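In: Pasting an experimental structure with its sequence.
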Amino acid sequence: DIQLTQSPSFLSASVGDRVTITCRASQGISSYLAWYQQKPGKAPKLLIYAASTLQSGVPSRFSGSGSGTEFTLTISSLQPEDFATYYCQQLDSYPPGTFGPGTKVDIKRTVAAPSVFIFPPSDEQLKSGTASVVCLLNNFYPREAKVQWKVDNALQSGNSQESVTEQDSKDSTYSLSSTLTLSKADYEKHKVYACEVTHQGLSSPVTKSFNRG
Amino acid sequence: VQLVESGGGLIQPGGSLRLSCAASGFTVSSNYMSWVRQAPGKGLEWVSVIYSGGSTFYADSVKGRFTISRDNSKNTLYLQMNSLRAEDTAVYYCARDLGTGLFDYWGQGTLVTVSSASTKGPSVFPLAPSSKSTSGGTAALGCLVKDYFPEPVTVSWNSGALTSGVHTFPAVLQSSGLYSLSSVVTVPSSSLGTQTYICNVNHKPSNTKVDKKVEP
């Protein structure tokens, strides 16, 4: 089949910028391409078909160009309502076809380092036989952040999960939660629990830690 | 034009489920009609199409298991699913297709969850304000909403009177097949010990309501 890639995967832009994102196809598909917009929790919206035809109802600041293997969607000036994910699609007779991975457009603001908080597991949870340690990275920009768990100054992998919020509507930052999950037995086998945070807002990694008890 | 979907919900692997899409403002007999799904956090997939004169075609991931059909007299589209798999968990959309999979009109989506887990209310644990969650006049506190199924859960704080500084994070699916999420709020350190902070957790699928006071 045909594979589609999009660039960039992430774009940070301001209201009023001209924005150009790109779709490219593993092989010629020559005008069989559409562009859609999707916002979190809604169906996608068709923007452009036949690589260049604007879909009826779609504002004119949107335009598409290209053919063969390389295609481009442009927003000549960006509005608030435009921050969203954008997908390209190869049109096909039969239902497989292809969607690109998407390009997410978020709101540019100044760099802000995370505010970092750590939470030991509750006595109630420990009574259940499980320990969750929670690290919170609050109100940071840009969205890329690295979280490293360390137990007794030693590095963990595979025992944590991460969740990130959508960009905040008031201050345009992100927040991130990391949960380290251990058996009760493992948890009390060890003393120092630490969350080490790396983010372009920080001049060096910052570590928050507690001693069990 | 309007497309209203129904029939999604929780179903066990190996089970069957039938979706409906009730169409207004145009006649499904005279169109290409399509189902398109979207797994949580992932991209779109066109899985089925029914042509004007009743020819049907399927993506190979659903071929042999899913069946697209319509009732002209009811003006409704249907997706019959059999032998469901965990990977079939997704929001399912019906769409008017202008041919070649060009989707100009979309339903609102219906969530289909394919899992072995039983419906289960969450345990709610405090994320207590401490010295390691206080810096300056700001303190972080929250609730860990652990091991529920299925989505969704709602969390408010102080029955909705407290909304500034709240972050309720998207749930993660754990290896267990159960969901966990945290909800945090940042508040004046001055307020601790005199202001009460309760997280109100509501898990409608298990009829579970929890009110957890969180304190230092």
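Out: On my side now, so go ahead. Numbers count the residues shown, from 1 in each chain, chains lettered A, B, ... in the order given.

In: From here on, just use CA atoms for contacts and neighbour counts.
Out: OK.

In: Phi, psi for the nearest residue to residue A:113 once chain neighbours are set aside please.
Out: Spatial nearest neighbour of residue A:113, excluding adjacent residues (C-alpha to C-alpha, 6 or more residues apart in numbering or on different chains): residue A:201 at 4.1 Å. Reported as degrees, to the nearest 10, the phi and psi values for residue A:201 are phi -70, psi -10.

In: from what I can see residue A:201 touches residue A:115, true?
Out: No. Taking C-alpha atoms under 8 Å as the definition, residue A:201 is not a contact partner of residue A:115, at 10.5 Å.

In: burial measure for residue A:60, as a count.
Out: Using other C-alpha atoms under 10 Å in any protein chain shown, residue A:60 has 11 neighbouring residues.

In: show me what contacts the residue nearest to it when sequence neighbours are not counted?
Out: Distances taken as C-alpha to C-alpha, 6+ apart place residue A:54 nearest to residue A:60, at 7.7 Å, with adjacent residues excluded. By C-alpha atoms under 8 Å, 6 or more residues apart in numbering or on different chains, the residues touching residue A:54 are A:47, A:48, A:60, A:62, A:63, A:64.

In: For residue A:54, give its distance to residue A:108.
Out: Distance, residue A:54 to residue A:108, by C-alpha to C-alpha, to the nearest Å: 27 Å.

In: ok, the residue nearest to residue A:113 to residue A:144 distance?
Out: 10 Å.

In: Report all helices and strands that the helix or strand hosting residue A:89 contacts.
Out: Following DSSP states H and E, one finds residue A:89 within strand A:84-90. Judged by 3 or more C-alpha pairs under 8 Å, 6 or more residues apart in numbering or on different chains; DSSP states H and E, strand A:84-90 is in contact with strand A:4-7, strand A:33-38, strand A:98-99, strand A:103-107.

In: and of these, who's closest to residue B:59?
Out: strand A:98-99 (10.9 Å; C-alpha to C-alpha).

In: re the thing from before, and the residue nearest to residue A:113, how many neighbours?
Out: Neighbour number of residue A:201 under other C-alpha under 10 Å is 16.

In: Can I get the helices and strands packed on strand A:84-90 in JSON lines including distance to residue B:212 and mean neighbour count?
Out: Formatted as JSON lines, the helices and strands packed on strand A:84-90 follow (distance: least, C-alpha to C-alpha, whole Å; neighbours: other C-alpha atoms under 10 Å in any protein chain shown):
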{"stretch": "strand A:4-7", "distance to residue B:212": "45", "mean neighbour count": "20"}
{"stretch": "strand A:33-38", "distance to residue B:212": "36", "mean neighbour count": "24"}
{"stretch": "strand A:98-99", "distance to residue B:212": "44", "mean neighbour count": "22"}
{"stretch": "strand A:103-107", "distance to residue B:212": "35", "mean neighbour count": "21"}
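
In: Quick one: residues contacting the residue nearest to residue A:113.
Out: A:111, A:112, A:113, A:114, A:140, A:141.

In: returning to what we had before: return the subset of the contacts of residue A:54 lying in strands.
Out: Judged by DSSP state E, strands contain the following of these: A:47, A:48, A:62, A:63, A:64.

In: PyMOL command to pick out the buried ones of the residues you listed?
Out: To isolate the buried ones among the ones in strands among the contacts of residue A:54 in PyMOL, judged by 16 or more other C-alpha atoms under 10 Å in any protein chain shown, type:
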select buried, chain A and resi 47+48+62+63+64
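
In: In CSV: the ones in strands among the contacts of residue A:54, plus distance to chain B.
Out: Converted to CSV, the ones in strands among the contacts of residue A:54 look like this (distance: C-alpha to the nearest C-alpha, whole Å):
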residue, distance to chain B
A:47, 9
A:48, 10
A:62, 16
A:63, 17
A:64, 15
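
In: Quick one: the helices in chain A, in order.
Out: Secondary structure of chain A by DSSP state H: the helices cover A:123-128, A:184-188.

In: now the last one, how far from the centre of its chain.
Out: What that stands for is helix A:184-188. 33 Å (C-alpha atoms, centre = their mean, to the nearest Å).

In: Please name every helix or strand in contact with that helix.
Out: The contact analysis (3+ C-alpha pairs under 8 Å, 6+ apart) places helix A:184-188 against strand A:130-140.

In: Parallel or antiparallel, list what pairs with the strand it packs on.
Out: The strands beside strand A:130-140 in its sheet (DSSP bridges) come out as strand A:115-119 (antiparallel), strand A:174-183 (antiparallel).
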